[PDB]
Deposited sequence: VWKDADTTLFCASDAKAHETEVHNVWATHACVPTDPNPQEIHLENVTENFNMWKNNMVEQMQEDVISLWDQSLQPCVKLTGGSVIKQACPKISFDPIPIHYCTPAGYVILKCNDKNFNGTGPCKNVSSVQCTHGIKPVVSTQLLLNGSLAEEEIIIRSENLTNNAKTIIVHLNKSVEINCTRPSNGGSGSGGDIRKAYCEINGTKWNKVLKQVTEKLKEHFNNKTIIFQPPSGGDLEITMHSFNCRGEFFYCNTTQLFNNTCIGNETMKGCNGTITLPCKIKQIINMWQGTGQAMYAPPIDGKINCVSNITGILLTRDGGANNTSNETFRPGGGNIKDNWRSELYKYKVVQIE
């Protein structure tokens, strides 16, 4: 017997105390070690309602990631609120590790185990856990990287599909690798990401098939982002401490709905901070081969409005509200207070 409630969670992880990597350093002083013997209990004859779009755990993870980045990254110049802060900017070691979110005494986490659960409504296979699974705090736009996969079918998630201003999270059931590289040998900020077009276009085709099921079999068209800042019009992520911006036009090629797809990328030293606080400048990139191989596990999409009059629906790669990144992993959990 319990009741939905919000409370302050703590974090746990397997951070190494001897590592200089900044996530390990943060988690070493802001998280406790993981519990060696996890205690998950299936709750029999128990149905429970979930709502991933009103889940205070999302707000709490966002606060953690903001804190982590604020004490880890070291721009040479920070421009925020009309002021300018200049400081030392050594190169850092950067590579996310899994963070587990845990309830204090008197509370527990309920976990939805229905494999086609869309994030809202009743769940018939519910268990209780003390902590979530390990979630990597990967900050990206357009593509969700290094996350968990849907266990059966591709899942379309939205707080309201009819409202085109609401972001769509596409949860994939097969990961697709994206392999990004700034080579050793020219223009030191020039990079590229390689994706196996065979695997990708197959998944994309399956994604379009799912979208048809929710939009009454209209024609599904992909278009590049309309406009905005580069962090939004590009797939932006952080690889080894460097800020990558990749052009995803060839990833959403309507015609292919087989060879290697090569996306042009650039590392940028001057960025708009995803925390919303302003602009920051970092030092030039490190020497040598900079390489990140990530698994694409989801896609953020925004649907064009005003198209009811037509027979097609147009989708543009989306993102920017990084909270949706955490929502994509926390959708199956909720906190309750034991009574």
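**Q** Tell me which segments of the deposited chain sequence are not represented by C-alpha atoms in this structure.
**A** Seq positions lacking coordinates: 186-191, 264-271.
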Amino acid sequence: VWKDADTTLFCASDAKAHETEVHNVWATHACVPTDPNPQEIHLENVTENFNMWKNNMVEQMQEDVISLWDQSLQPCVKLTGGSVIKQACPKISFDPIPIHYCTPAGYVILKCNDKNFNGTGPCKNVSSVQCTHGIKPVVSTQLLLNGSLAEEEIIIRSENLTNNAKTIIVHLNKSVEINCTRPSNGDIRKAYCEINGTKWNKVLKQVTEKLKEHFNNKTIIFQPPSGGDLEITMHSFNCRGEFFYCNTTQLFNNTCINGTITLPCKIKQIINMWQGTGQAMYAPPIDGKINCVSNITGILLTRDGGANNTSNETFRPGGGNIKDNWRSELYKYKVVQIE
From here on, numbers count along this sequence of modelled residues.
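**Q** On mean Cα temperature factor in this entry, is 154-162 or 76-84 the higher one?
**A** On average, C-alpha B-factors are higher across 76-84.
**Q** Identify the stretch, either 61-69 or 43-51, whose C-alpha atoms have the larger mean B-factor according to the entry.
**A** Between 61-69 and 43-51, it is 43-51.
**Q** Among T249, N238, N216, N113, which carries the highest Cα B-factor?
**A** That would be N216.
**Q** Given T120, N185, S127, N179, identify the residue with the highest C-alpha B factor in the PDB entry.
**A** That would be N185, according to the entry.
**Q** Going by the CA temperature factor in the PDB record, which third of the chain does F243 belong to: lowest, middle or highest?
**A** Answer is lowest: the recorded C-alpha B-factor places it there.
**Q** Comparing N201 with the other modelled residues of its chain, is its CA B-factor in the lowest, middle or highest third?
**A** CA B-factor rank for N201: highest third.
**Q** Please place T141 in the lowest, middle or highest third of its chain according to the CA B-factor in the PDB entry.
**A** Within its chain, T141 is a lowest-third residue by C-alpha B-factor, going by the deposited values.
**Q** Would you please rank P98 by its C-alpha temperature factor against the other modelled residues of its chain and give the third it falls in: lowest, middle or highest?
**A** Lowest third of the chain for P98's C-alpha B-factor.
**Q** Taking the C-alpha B-factors as the PDB entry records them, is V336 in the lowest, middle or highest third of its chain?
**A** According to the entry, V336 has a C-alpha B-factor in the chain's middle third.
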